[PDB]
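Scroll down for the structure; my scribbles are underneath it.
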Amino acid sequence: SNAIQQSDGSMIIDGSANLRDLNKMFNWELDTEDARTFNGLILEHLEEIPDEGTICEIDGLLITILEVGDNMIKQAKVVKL
């Protein structure tokens with residue numbers, strides 16, 4: 001999985017990103033109990049496959065959905081809360 005730091009400090013993360021990997025690398029505190037990937041975490045929280053452009057808060061992160069495909073989150077922008 002790829003993750004790109006933006007000039008403004010935000011991160012663009014792939015939906016496929018492994019939650020435990022993200023936590024260890026960025027010192028985030030994503031819940032790893034039930035989901036394995038960033039996509040999984042977002043889907044478990046939403047009661048509908050979210051549109052691109054959706055902004056949500058999960059586990060200390062402010063997340064903007066950038067790309068959705070095959071009913072999975074492909075890319076999201078992330079800022080720390």
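Labels for the structure tokens follow display order: chains A, B, ..., residues from 1 in each chain, ligands from 1.
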Check: residue 55 in chain A: which residues within 7 Å, counting only C-alpha atoms, same-chain residues fewer than 3 positions away excluded, as a list in words?
Finding: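 Selected residues are residues 63, 64 and 65 of chain A.
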Can you spit out the residues from that selection as an mmCIF file, in the first residue's frame, using N, CA and C atoms?
```
data_model
loop_
_atom_site.group_PDB
_atom_site.id
_atom_site.type_symbol
_atom_site.label_atom_id
_atom_site.label_comp_id
_atom_site.auth_asym_id
_atom_site.auth_seq_id
_atom_site.Cartn_x
_atom_site.Cartn_y
_atom_site.Cartn_z
ATOM 1 N N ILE A 63 -11.015 12.602 7.958
ATOM 2 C CA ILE A 63 -10.815 11.848 6.737
ATOM 3 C C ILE A 63 -11.701 12.390 5.628
ATOM 4 N N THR A 64 -11.130 12.551 4.440
ATOM 5 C CA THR A 64 -11.889 12.942 3.261
ATOM 6 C C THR A 64 -11.774 11.821 2.244
ATOM 7 N N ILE A 65 -12.901 11.264 1.829
ATOM 8 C CA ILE A 65 -12.900 10.206 0.823
ATOM 9 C C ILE A 65 -12.581 10.807 -0.546
#
```
Note to self: Would you pick out the contacts of range 39-44 of chain A at 8 Å or less, using only C-alpha atoms, so that residues sharing its chain but fewer than 3 positions from it are not included, and give the list as a list in words?
What the structure shows: residues 14, 15, 16, 17, 31, 34, 35, 36, 47, 48, 49, 58, 72, 73 and 74 of chain A
Margin query: Using Å and a single decimal, report how far CA of residue 11 in chain A sits from CA of residue 77 in chain A.
Written below: 5.6 Å
Next item on the list: Write out as a PyMOL selection string all residues of chain A that backbone DSSP assigns to alpha helix (DSSP H).
Entry: chain A and resi 19-26+38-45
How would the residues just chosen look if you wrote them out with C-alpha atoms as a CSV table (one decimal), in the first residue's frame?
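The result, written out as again-v7.csv:
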```csv
chain,number,residue,atom,x,y,z
A,19,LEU,CA,-4.3,-0.6,10.2
A,20,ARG,CA,-1.6,-2.0,12.4
A,21,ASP,CA,1.0,-0.8,9.9
A,22,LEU,CA,-0.5,2.7,10.0
A,23,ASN,CA,-0.6,2.8,13.8
A,24,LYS,CA,3.0,1.8,14.1
A,25,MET,CA,4.3,4.1,11.4
A,26,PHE,CA,2.4,7.3,12.2
A,38,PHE,CA,-8.3,1.4,6.4
A,39,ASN,CA,-11.1,0.6,3.9
A,40,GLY,CA,-12.5,-2.0,6.4
A,41,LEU,CA,-12.4,0.5,9.3
A,42,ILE,CA,-14.3,3.1,7.3
A,43,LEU,CA,-16.9,0.6,6.0
A,44,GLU,CA,-17.6,-0.8,9.4
A,45,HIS,CA,-18.4,2.7,10.7
```
Next item on the list: Using DSSP on the backbone coordinates, identify the residues of chain A assigned to strand (DSSP E); present them as a PyMOL selection string.
Entry: chain A and resi 3-5+11-14+55-58+61-69+72-80
At a cut-off of 12 Å, using only C-alpha atoms, what residues contact residue 6 in chain A? Leave out same-chain residues fewer than 3 positions from it and give the result as an mmCIF file with N, CA and C atoms, in the first residue's frame.
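Output (part_28.cif):
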```cif
data_model
loop_
_atom_site.group_PDB
_atom_site.id
_atom_site.type_symbol
_atom_site.label_atom_id
_atom_site.label_comp_id
_atom_site.auth_asym_id
_atom_site.auth_seq_id
_atom_site.Cartn_x
_atom_site.Cartn_y
_atom_site.Cartn_z
ATOM 1 N N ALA A 3 1.287 5.513 0.614
ATOM 2 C CA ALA A 3 0.813 6.683 1.363
ATOM 3 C C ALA A 3 1.685 7.917 1.101
ATOM 4 N N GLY A 9 0.742 18.890 4.650
ATOM 5 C CA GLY A 9 0.886 18.057 5.831
ATOM 6 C C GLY A 9 -0.092 16.904 5.901
ATOM 7 N N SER A 10 -1.149 16.960 5.096
ATOM 8 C CA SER A 10 -2.114 15.858 5.071
ATOM 9 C C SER A 10 -1.461 14.655 4.407
ATOM 10 N N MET A 11 -2.068 13.490 4.597
ATOM 11 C CA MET A 11 -1.600 12.234 4.017
ATOM 12 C C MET A 11 -2.674 11.698 3.093
ATOM 13 N N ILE A 12 -2.287 11.159 1.948
ATOM 14 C CA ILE A 12 -3.206 10.398 1.115
ATOM 15 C C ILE A 12 -2.887 8.932 1.317
ATOM 16 N N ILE A 13 -3.878 8.189 1.806
ATOM 17 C CA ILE A 13 -3.716 6.783 2.154
ATOM 18 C C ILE A 13 -4.582 5.914 1.241
ATOM 19 N N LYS A 77 -7.865 11.152 1.999
ATOM 20 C CA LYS A 77 -6.997 12.153 2.602
ATOM 21 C C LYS A 77 -7.198 12.094 4.101
ATOM 22 N N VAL A 78 -6.103 12.209 4.847
ATOM 23 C CA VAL A 78 -6.148 12.102 6.299
ATOM 24 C C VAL A 78 -5.391 13.233 6.977
ATOM 25 N N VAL A 79 -6.034 13.868 7.948
ATOM 26 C CA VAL A 79 -5.394 14.840 8.825
ATOM 27 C C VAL A 79 -5.613 14.405 10.274
#
```
Check: Any idea what the distance is between CA of residue 76 in chain A and CA of residue 29 in chain A?
Finding: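 Separation between CA of residue 76 in chain A and CA of residue 29 in chain A: 16.8 Å.
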Margin query: Which residue is closest to residue 54 in chain A? Choose from A:18, A:37, A:75, A:7 and count only C-alpha atoms.
Written below: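 Answer, going by the shortest atom-to-atom distance: A:75.
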